[PDB]
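S.K.: Contents of final_31.tsv (TSV, N, CA and C atoms) are given next:
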```
chain	number	residue	atom	x	y	z
W	1	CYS	N	8.98	4.32	-13.05
W	1	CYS	CA	10.32	4.46	-12.51
W	1	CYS	C	10.37	3.97	-11.07
W	2	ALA	N	11.35	3.13	-10.77
W	2	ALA	CA	11.51	2.57	-9.43
W	2	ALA	C	12.18	3.57	-8.50
W	3	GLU	N	11.57	4.74	-8.36
W	3	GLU	CA	12.09	5.79	-7.50
W	3	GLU	C	10.96	6.66	-6.98
W	4	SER	N	10.76	6.65	-5.67
W	4	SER	CA	9.71	7.44	-5.06
W	4	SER	C	10.34	8.57	-4.25
W	5	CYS	N	10.04	9.80	-4.64
W	5	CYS	CA	10.59	10.97	-3.97
W	5	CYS	C	9.73	11.40	-2.78
W	6	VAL	N	9.46	10.45	-1.89
W	6	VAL	CA	8.67	10.71	-0.70
W	6	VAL	C	9.43	11.67	0.21
W	7	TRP	N	10.72	11.41	0.36
W	7	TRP	CA	11.59	12.25	1.16
W	7	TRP	C	12.71	12.79	0.29
W	8	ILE	N	13.50	11.88	-0.27
W	8	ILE	CA	14.60	12.24	-1.15
W	8	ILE	C	14.13	12.22	-2.61
W	9	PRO	N	14.48	13.25	-3.39
W	9	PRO	CA	14.09	13.36	-4.80
W	9	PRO	C	14.78	12.31	-5.67
W	10	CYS	N	14.23	12.09	-6.86
W	10	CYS	CA	14.79	11.12	-7.80
W	10	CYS	C	16.19	11.55	-8.24
W	11	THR	N	17.11	10.61	-8.22
W	11	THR	CA	18.49	10.87	-8.62
W	11	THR	C	18.97	9.81	-9.60
W	12	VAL	N	18.45	8.60	-9.47
W	12	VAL	CA	18.83	7.50	-10.34
W	12	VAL	C	18.06	7.53	-11.66
W	13	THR	N	16.74	7.57	-11.58
W	13	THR	CA	15.90	7.59	-12.77
W	13	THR	C	15.64	9.01	-13.24
W	14	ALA	N	16.18	9.98	-12.51
W	14	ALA	CA	16.01	11.39	-12.87
W	14	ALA	C	16.66	11.67	-14.22
W	15	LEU	N	17.85	11.13	-14.42
W	15	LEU	CA	18.59	11.32	-15.67
W	15	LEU	C	18.07	10.38	-16.76
W	16	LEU	N	17.11	9.54	-16.41
W	16	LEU	CA	16.53	8.60	-17.36
W	16	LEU	C	15.25	9.17	-17.97
W	17	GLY	N	14.84	10.33	-17.47
W	17	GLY	CA	13.65	10.97	-17.98
W	17	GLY	C	12.42	10.67	-17.14
W	18	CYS	N	12.56	10.79	-15.83
W	18	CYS	CA	11.46	10.55	-14.91
W	18	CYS	C	11.29	11.73	-13.97
W	19	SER	N	10.07	12.22	-13.85
W	19	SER	CA	9.79	13.35	-13.00
W	19	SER	C	8.90	12.95	-11.83
W	20	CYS	N	8.96	13.72	-10.75
W	20	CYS	CA	8.16	13.46	-9.57
W	20	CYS	C	6.73	13.92	-9.78
W	21	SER	N	5.86	12.99	-10.16
W	21	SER	CA	4.46	13.31	-10.40
W	21	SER	C	3.73	13.54	-9.08
W	22	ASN	N	3.96	12.66	-8.12
W	22	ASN	CA	3.33	12.77	-6.80
W	22	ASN	C	4.06	11.91	-5.78
W	23	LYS	N	5.19	12.43	-5.28
W	23	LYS	CA	6.02	11.74	-4.29
W	23	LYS	C	6.67	10.48	-4.87
W	24	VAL	N	6.51	10.29	-6.16
W	24	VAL	CA	7.10	9.16	-6.86
W	24	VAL	C	7.36	9.55	-8.31
W	25	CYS	N	8.43	9.02	-8.89
W	25	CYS	CA	8.78	9.32	-10.26
W	25	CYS	C	7.95	8.47	-11.22
W	26	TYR	N	7.21	9.14	-12.09
W	26	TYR	CA	6.37	8.45	-13.06
W	26	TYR	C	6.23	9.28	-14.32
W	27	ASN	N	7.02	8.95	-15.33
W	27	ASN	CA	6.98	9.67	-16.59
W	27	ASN	C	6.94	8.67	-17.74
W	28	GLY	N	5.74	8.27	-18.12
W	28	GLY	CA	5.58	7.30	-19.19
W	28	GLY	C	5.77	5.88	-18.69
W	29	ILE	N	6.94	5.62	-18.13
W	29	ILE	CA	7.26	4.31	-17.59
W	29	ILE	C	7.30	4.36	-16.06
W	30	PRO	N	7.06	3.21	-15.40
W	30	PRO	CA	7.06	3.13	-13.94
W	30	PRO	C	8.48	3.13	-13.38
```
Rewrite the structure from the file as structure tokens, please.
M.R.:
Amino acid sequence: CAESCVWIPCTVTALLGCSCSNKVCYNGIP
């Protein structure tokens, strides 16, 4: 997922099924 929650949490890919694994959204897909 093209979303890194370094400061701000995922909002775009959040509804796509991506969770913050480690300051970046990575759930199956990048």
S.K.: What's the separation between atom C of residue 21 (chain W) and CA of residue 7 (chain W), in Å to one decimal place?
M.R.: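 Distance reported for this atom pair: 13.0 Å.
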S.K.: Find the distance between CA of residue 9 (chain W) and CA of residue 23 (chain W) and write it in Å to one decimal.
M.R.: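 Value for the CA of residue 9 (chain W)-CA of residue 23 (chain W) distance: 8.2 Å.
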S.K.: (12.4, 10.9, -6.9) in this file's frame - what residues fall within 8 Å of it? Use all atoms listed in the file and give the answer as a compact mmCIF listing (two decimals) with N, CA and C atoms, in the frame of the given file.
M.R.:
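Here's the written file part19.txt:
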```txt
# COMPACT_ATOMS: atom_id res chain seq x y z
N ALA W 2 11.35 3.13 -10.77
CA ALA W 2 11.51 2.57 -9.43
C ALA W 2 12.18 3.57 -8.50
N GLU W 3 11.57 4.74 -8.36
CA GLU W 3 12.09 5.79 -7.50
C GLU W 3 10.96 6.66 -6.98
N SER W 4 10.76 6.65 -5.67
CA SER W 4 9.71 7.44 -5.06
C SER W 4 10.34 8.57 -4.25
N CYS W 5 10.04 9.80 -4.64
CA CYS W 5 10.59 10.97 -3.97
C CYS W 5 9.73 11.40 -2.78
N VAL W 6 9.46 10.45 -1.89
CA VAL W 6 8.67 10.71 -0.70
C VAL W 6 9.43 11.67 0.21
N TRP W 7 10.72 11.41 0.36
CA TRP W 7 11.59 12.25 1.16
C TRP W 7 12.71 12.79 0.29
N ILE W 8 13.50 11.88 -0.27
CA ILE W 8 14.60 12.24 -1.15
C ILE W 8 14.13 12.22 -2.61
N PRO W 9 14.48 13.25 -3.39
CA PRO W 9 14.09 13.36 -4.80
C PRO W 9 14.78 12.31 -5.67
N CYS W 10 14.23 12.09 -6.86
CA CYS W 10 14.79 11.12 -7.80
C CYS W 10 16.19 11.55 -8.24
N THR W 11 17.11 10.61 -8.22
CA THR W 11 18.49 10.87 -8.62
C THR W 11 18.97 9.81 -9.60
N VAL W 12 18.45 8.60 -9.47
CA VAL W 12 18.83 7.50 -10.34
C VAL W 12 18.06 7.53 -11.66
N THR W 13 16.74 7.57 -11.58
CA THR W 13 15.90 7.59 -12.77
C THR W 13 15.64 9.01 -13.24
N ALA W 14 16.18 9.98 -12.51
CA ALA W 14 16.01 11.39 -12.87
C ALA W 14 16.66 11.67 -14.22
N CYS W 18 12.56 10.79 -15.83
CA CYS W 18 11.46 10.55 -14.91
C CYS W 18 11.29 11.73 -13.97
N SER W 19 10.07 12.22 -13.85
CA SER W 19 9.79 13.35 -13.00
C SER W 19 8.90 12.95 -11.83
N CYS W 20 8.96 13.72 -10.75
CA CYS W 20 8.16 13.46 -9.57
C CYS W 20 6.73 13.92 -9.78
N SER W 21 5.86 12.99 -10.16
CA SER W 21 4.46 13.31 -10.40
C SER W 21 3.73 13.54 -9.08
N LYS W 23 5.19 12.43 -5.28
CA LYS W 23 6.02 11.74 -4.29
C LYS W 23 6.67 10.48 -4.87
N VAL W 24 6.51 10.29 -6.16
CA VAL W 24 7.10 9.16 -6.86
C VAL W 24 7.36 9.55 -8.31
N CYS W 25 8.43 9.02 -8.89
CA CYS W 25 8.78 9.32 -10.26
C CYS W 25 7.95 8.47 -11.22
N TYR W 26 7.21 9.14 -12.09
CA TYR W 26 6.37 8.45 -13.06
C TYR W 26 6.23 9.28 -14.32
```
S.K.: Kindly provide, as JSON, the centre and edge lengths (Å, one decimal) of an axis-aligned box around all atoms of region 19-26 of chain W given in the file, with 3 Å on each side.
M.R.:
```
{"center_x": 6.7, "center_y": 11.2, "center_z": -9.3, "size_x": 12.7, "size_y": 11.5, "size_z": 16.0}
```
S.K.: Reconstruct region 2-21 of chain W at the level of N, CA, C and O atoms, and format the result as an mmCIF file, in the coordinates of the input.
M.R.:
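After the write, rebuild-v3.cif holds the following:
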```cif
data_model
loop_
_atom_site.group_PDB
_atom_site.id
_atom_site.type_symbol
_atom_site.label_atom_id
_atom_site.label_comp_id
_atom_site.auth_asym_id
_atom_site.auth_seq_id
_atom_site.Cartn_x
_atom_site.Cartn_y
_atom_site.Cartn_z
ATOM 1 N N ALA W 2 11.350 3.130 -10.770
ATOM 2 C CA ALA W 2 11.510 2.570 -9.430
ATOM 3 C C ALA W 2 12.180 3.570 -8.500
ATOM 4 O O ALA W 2 13.228 3.293 -7.912
ATOM 5 N N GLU W 3 11.570 4.740 -8.360
ATOM 6 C CA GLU W 3 12.090 5.790 -7.500
ATOM 7 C C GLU W 3 10.960 6.660 -6.980
ATOM 8 O O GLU W 3 10.270 7.326 -7.753
ATOM 9 N N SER W 4 10.760 6.650 -5.670
ATOM 10 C CA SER W 4 9.710 7.440 -5.060
ATOM 11 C C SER W 4 10.340 8.570 -4.250
ATOM 12 O O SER W 4 11.097 8.333 -3.313
ATOM 13 N N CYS W 5 10.040 9.800 -4.640
ATOM 14 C CA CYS W 5 10.590 10.970 -3.970
ATOM 15 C C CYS W 5 9.730 11.400 -2.780
ATOM 16 O O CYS W 5 9.318 12.560 -2.666
ATOM 17 N N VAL W 6 9.460 10.450 -1.890
ATOM 18 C CA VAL W 6 8.670 10.710 -0.700
ATOM 19 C C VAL W 6 9.430 11.670 0.210
ATOM 20 O O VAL W 6 8.868 12.635 0.720
ATOM 21 N N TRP W 7 10.720 11.410 0.360
ATOM 22 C CA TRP W 7 11.590 12.250 1.160
ATOM 23 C C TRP W 7 12.710 12.790 0.290
ATOM 24 O O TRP W 7 12.851 14.001 0.106
ATOM 25 N N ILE W 8 13.500 11.880 -0.270
ATOM 26 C CA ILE W 8 14.600 12.240 -1.150
ATOM 27 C C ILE W 8 14.130 12.220 -2.610
ATOM 28 O O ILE W 8 13.443 11.292 -3.025
ATOM 29 N N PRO W 9 14.480 13.250 -3.390
ATOM 30 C CA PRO W 9 14.090 13.360 -4.800
ATOM 31 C C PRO W 9 14.780 12.310 -5.670
ATOM 32 O O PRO W 9 15.793 11.729 -5.280
ATOM 33 N N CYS W 10 14.230 12.090 -6.860
ATOM 34 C CA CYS W 10 14.790 11.120 -7.800
ATOM 35 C C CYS W 10 16.190 11.550 -8.240
ATOM 36 O O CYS W 10 16.415 12.707 -8.587
ATOM 37 N N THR W 11 17.110 10.610 -8.220
ATOM 38 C CA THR W 11 18.490 10.870 -8.620
ATOM 39 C C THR W 11 18.970 9.810 -9.600
ATOM 40 O O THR W 11 19.811 10.085 -10.463
ATOM 41 N N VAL W 12 18.450 8.600 -9.470
ATOM 42 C CA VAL W 12 18.830 7.500 -10.340
ATOM 43 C C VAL W 12 18.060 7.530 -11.660
ATOM 44 O O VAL W 12 18.658 7.517 -12.739
ATOM 45 N N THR W 13 16.740 7.570 -11.580
ATOM 46 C CA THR W 13 15.900 7.590 -12.770
ATOM 47 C C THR W 13 15.640 9.010 -13.240
ATOM 48 O O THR W 13 14.981 9.230 -14.259
ATOM 49 N N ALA W 14 16.180 9.980 -12.510
ATOM 50 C CA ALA W 14 16.010 11.390 -12.870
ATOM 51 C C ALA W 14 16.660 11.670 -14.220
ATOM 52 O O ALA W 14 16.088 12.361 -15.065
ATOM 53 N N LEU W 15 17.850 11.130 -14.420
ATOM 54 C CA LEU W 15 18.590 11.320 -15.670
ATOM 55 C C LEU W 15 18.070 10.380 -16.760
ATOM 56 O O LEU W 15 18.524 10.429 -17.900
ATOM 57 N N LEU W 16 17.110 9.540 -16.410
ATOM 58 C CA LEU W 16 16.530 8.600 -17.360
ATOM 59 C C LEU W 16 15.250 9.170 -17.970
ATOM 60 O O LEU W 16 14.662 8.575 -18.865
ATOM 61 N N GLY W 17 14.840 10.330 -17.470
ATOM 62 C CA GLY W 17 13.650 10.970 -17.980
ATOM 63 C C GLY W 17 12.420 10.670 -17.140
ATOM 64 O O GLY W 17 11.362 10.340 -17.666
ATOM 65 N N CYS W 18 12.560 10.790 -15.830
ATOM 66 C CA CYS W 18 11.460 10.550 -14.910
ATOM 67 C C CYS W 18 11.290 11.730 -13.970
ATOM 68 O O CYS W 18 12.267 12.204 -13.386
ATOM 69 N N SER W 19 10.070 12.220 -13.850
ATOM 70 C CA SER W 19 9.790 13.350 -13.000
ATOM 71 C C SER W 19 8.900 12.950 -11.830
ATOM 72 O O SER W 19 8.173 11.952 -11.901
ATOM 73 N N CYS W 20 8.960 13.720 -10.750
ATOM 74 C CA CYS W 20 8.160 13.460 -9.570
ATOM 75 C C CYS W 20 6.730 13.920 -9.780
ATOM 76 O O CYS W 20 6.415 15.093 -9.601
ATOM 77 N N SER W 21 5.860 12.990 -10.160
ATOM 78 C CA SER W 21 4.460 13.310 -10.400
ATOM 79 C C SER W 21 3.730 13.540 -9.080
ATOM 80 O O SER W 21 2.982 14.506 -8.937
#
```
